[PDB]
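Coordinate-derived values only; no laboratory data. Positions of Cβ are backbone-derived with ideal geometry, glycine not excepted, and every protein chain shown enters the neighbour counts.
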Amino acid sequence: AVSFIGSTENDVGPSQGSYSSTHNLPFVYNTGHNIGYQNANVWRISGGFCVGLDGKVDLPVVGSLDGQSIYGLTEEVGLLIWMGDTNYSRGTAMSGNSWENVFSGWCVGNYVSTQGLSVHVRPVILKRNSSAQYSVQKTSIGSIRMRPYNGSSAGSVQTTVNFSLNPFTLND
Ligand SMILES: CC(=O)N[C@@H]1[C@@H](O)[C@H](O)[C@@H](CO)O[C@H]1O
């Protein structure tokens, strides 16, 4: 069986967070996973349910850096994005605007457990300005959906949750 136990709208990163550069364009801010969201318990699963995760970014793709997409927020600011299973360290680098397999999946046994997820992003400066500061308002990022497999089914259970980037300021 499966049921939804998480939240549908999720904020990524602390509200009105401020980040400073520590070091060429596009320039990527080394924010680790400070700008993220994670929840180990989004779906409750049991009885042999097999589930993985698909992730999708809705922001426009405005470039490619080191193998993954640069998603645009404004003409001067973009994002590198990772989506995946619960632990931030297992995030899958996102490219494109299609649903992508971000967690290969697992199968619970004949007991009850949960399926979680995580998302984190890193700011990218696409074009510099005279103020050496870049701010972005709250913006929808994309979604993550559970992907049942091996015959498992979502039935009438909610499959998708969404993510919105909390407003932030980048200081250089
Ligand atoms: C309470 C708990 O730990 N659930 C982790 C869950 O968050 C994760 O999505 C899944 C697959 O790695 O394995 C579960 O054991």
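If we scan region 28-41, do we find a residue that is hydrophobic (A, V, I, L, M, F, W, C), within 15 Å of the ligand (Cβ to nearest atom) and at negative phi? Quick ask: steps written out before the conclusion?
So the first thing to find is which residues in region 28-41 are hydrophobic (A, V, I, L, M, F, W, C), and the list is 28, 35, 40.
Cutting the leftovers down to within 15 Å of the ligand (Cβ to nearest atom) gives us 40.
Next, from what is left, pick out any that are at negative phi: 40.
Yes, region 28-41 has at least one match.
I'm trying to understand the selection: among the residues of region 44-62, which are over 17 Å from the mean Cα position of the chain (by Cα) and surrounded by 15 or more Cβ atoms within 10 Å (Cβ to Cβ)? Write out each step before concluding.
Initially, region 44-62 is screened for residues over 17 Å from the mean Cα position of the chain (by Cα), giving 44-51, 62.
Result: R44, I45, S46, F49, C50, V51, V62.
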Check your understanding: Any idea which of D85, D54 is within 16 Å of the ligand (Cβ to nearest atom), touching a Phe, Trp or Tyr at 6+ places or on another chain (Cβ under 7 Å) and over 15 Å from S143 (Cβ atoms)?
Key -> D85
Review point. Filter region 112-133 for residues that are farther than 16 Å from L165 by Cβ and assigned to a loop (DSSP other than H, G, I, E, B); which is farthest from the ligand (Cβ to nearest atom)?
Key: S130
Check your understanding: Within region 101-125, can you find the residues that are closer than 30 Å to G78 by Cβ and surrounded by fewer than 17 Cβ atoms within 10 Å (Cβ to Cβ)?
Key -> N101, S104
Exercise for review: Look at region 156-172 and say how many of its residues are in a strand (DSSP E or B) and more than 17 Å from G72 (Cβ to Cβ).
Suggested key: 5
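Can you confirm whether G105 is within 16 Å of the ligand (Cβ to nearest atom), farther than 19 Å from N171 by Cβ and assigned to a loop (DSSP other than H, G, I, E, B)? Walk me through it before giving the result.
Working: within 16 Å of the ligand (Cβ to nearest atom): yes; farther than 19 Å from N171 by Cβ: yes; assigned to a loop (DSSP other than H, G, I, E, B): no.
Spelling it out, it is not the case that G105 is within 16 Å of the ligand (Cβ to nearest atom), farther than 19 Å from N171 by Cβ and assigned to a loop (DSSP other than H, G, I, E, B).
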Practice item. Taking the options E100, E76, name whichever one is among the charged types (D, E, K, R) and farther than 24 Å from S152 by Cβ. Key: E76
Exercise for review: Would you check which residues across region 87-96 are under 17 Å from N10 (Cβ atoms) and under 11 Å from the mean Cα position of the chain (by Cα) and list them?
Suggested key: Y88, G91, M94
